[PDB]
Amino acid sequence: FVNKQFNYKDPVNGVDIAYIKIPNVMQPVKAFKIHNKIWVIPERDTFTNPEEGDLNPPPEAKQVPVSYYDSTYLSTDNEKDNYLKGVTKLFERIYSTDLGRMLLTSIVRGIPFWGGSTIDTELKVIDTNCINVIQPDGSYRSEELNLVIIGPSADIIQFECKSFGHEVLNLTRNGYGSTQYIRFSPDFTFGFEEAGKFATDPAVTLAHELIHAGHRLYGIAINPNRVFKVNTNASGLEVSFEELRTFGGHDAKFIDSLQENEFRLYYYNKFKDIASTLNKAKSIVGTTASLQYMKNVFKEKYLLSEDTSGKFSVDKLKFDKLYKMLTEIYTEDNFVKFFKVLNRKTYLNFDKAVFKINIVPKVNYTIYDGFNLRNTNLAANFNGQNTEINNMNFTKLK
C-alpha cells in the first residue's frame, strides 16, 4: 500500500500531505494520502458528528472493558506519528495477505457513485464523498476519496465505519456508495479468552472495519435495523445482519438464506439501476473528468458489460462473484485463517479488557507474524497474543 514512508512532521505538499476539511456538513487537520483514495487523519474524530468531540466522558460510562476515555490520547505529534506508522503497518500486514490485497483492491476501485444531480441525464459528484485540500493561497480544492482512517472520538475503543448520508438517498444500501470515515487506533486492543488469556491482533480489528468500507462503498450494506435469530444459550442480546456477514464463520449460518437470496437480488436490481443511469447520462458536472472517463470508472466498479453501442449491462455472473467476494469471502473469520492468529470464534466473546500496545517496533509486532514472532517463543500456541507470557506488549488499563 504505502509507497513512501511518512512522518507526521513531513512538510505539507498539497498532494499527499495536506491540511484538509471534511464534509462539514470547523478547522483544518493534517492528513496523509497513503494510497489512491485512502487518507489517514492522525487526530481524534471531533468532526464527523455534530459537536461529538468533547473528549471528556458524559454521566456513567460502561468503563473497562466496554469503554475507555483518555482526553489526552492522540494530542501529541509523537503519538500522531506513531498512529500513522501504526495504521501504515496494519495496512501492509493486511496487504501481505492475498485476501487483504484483494479487499484493499476492492475498496480502492469502489469509487462512490456520481449520483448528485436532480436531473437524471446528469452525472454529478456527491460533495459528501469529497474532502477539501487546502492549497498554498488558503483556497480549497474538492477531492474525491474512498476511505478515511481517523482517530477515535471520546470512547477510544468505539471503533466504527460511518458515512455521510443524503436527504433522500441511502448511499450504503442503493449500490451508489459513500466515502467511509473509519474511527480507529492501533495503540490499544481488546483481550478475550479461549485468568485473562489472549488479545486481538489489531490487523483483524482493522480488517473488520475495512470489510465495512467494502459493503458501504459498493452500496450493498444491510440496514442496521435488520437483527436476527434466537438460538439462545442453555434471555440474551441480538446481533445485526450486517455484523454477522462481516465476522463470518459459523455465525454466518444463523442468517436465513432466503433473506440473503432476498438481498443478493436487491443489490443486483440496484446495480442494474446504476447501469441505466449511466446509459441515460448525457451531461457531466465538473472540470475534472469527461462523462466517458467517469462512465468507464463505474463500468470498472460495478463490473458492467459494454456492448458495441457502448450500452452497459450488469452480467449476473460477474455480479454474483463480486457480491460473494465482498459479502462472504471478505470476513473477519477468513482473515484469522490467513493471519494465523487467535480471535474470538464468535461475536458473544465479551472482551473483558483493553490493553495498551505499540505495534510500531518490529521487535513488538511485524507485518508477517503480528505479535506471534517467528524464531521466538511467541510463534507457537499464539504465545505472542498471550497477555500473560508477553506482558511487556500488553498492559491492561483501568
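In this text, residue numbers run from 1 along the sequence as written.
Missing coordinates between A234 and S235 amount to 4 to 9 residues of the deposited sequence. According to the entry, the stretch of the deposited sequence that connects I389 to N390 contains no residue lacking coordinates, so the chain runs unbroken between them. In this crystal structure, the stretch out of 284 to 292 and 209 to 217 whose C-alpha atoms carry the higher mean B factor is 284 to 292. If you average the C-alpha B-factors over 51 to 59 and over 358 to 366, the higher value belongs to 51 to 59.
Note on the listed residues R245, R109, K89, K318: the highest Cα temperature factor in the record is that of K318. Between the residues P152, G165, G100, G310, the entry's highest C-alpha temperature factor is the one at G310. In this PDB entry, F350 carries a Cα temperature factor that places it within the highest third of its chain's modelled residues. Per the PDB record, residue ranking by Cα B-factor puts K324 in the middle third of the chain. Annotation for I119: C-alpha temperature factor in the highest third relative to the rest of the modelled chain, per the entry. Per-chain ranking of the deposited C-alpha B factor places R344 in the highest third. Ranked by C-alpha B-factor against the other modelled residues of its chain, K229 falls in the highest third.
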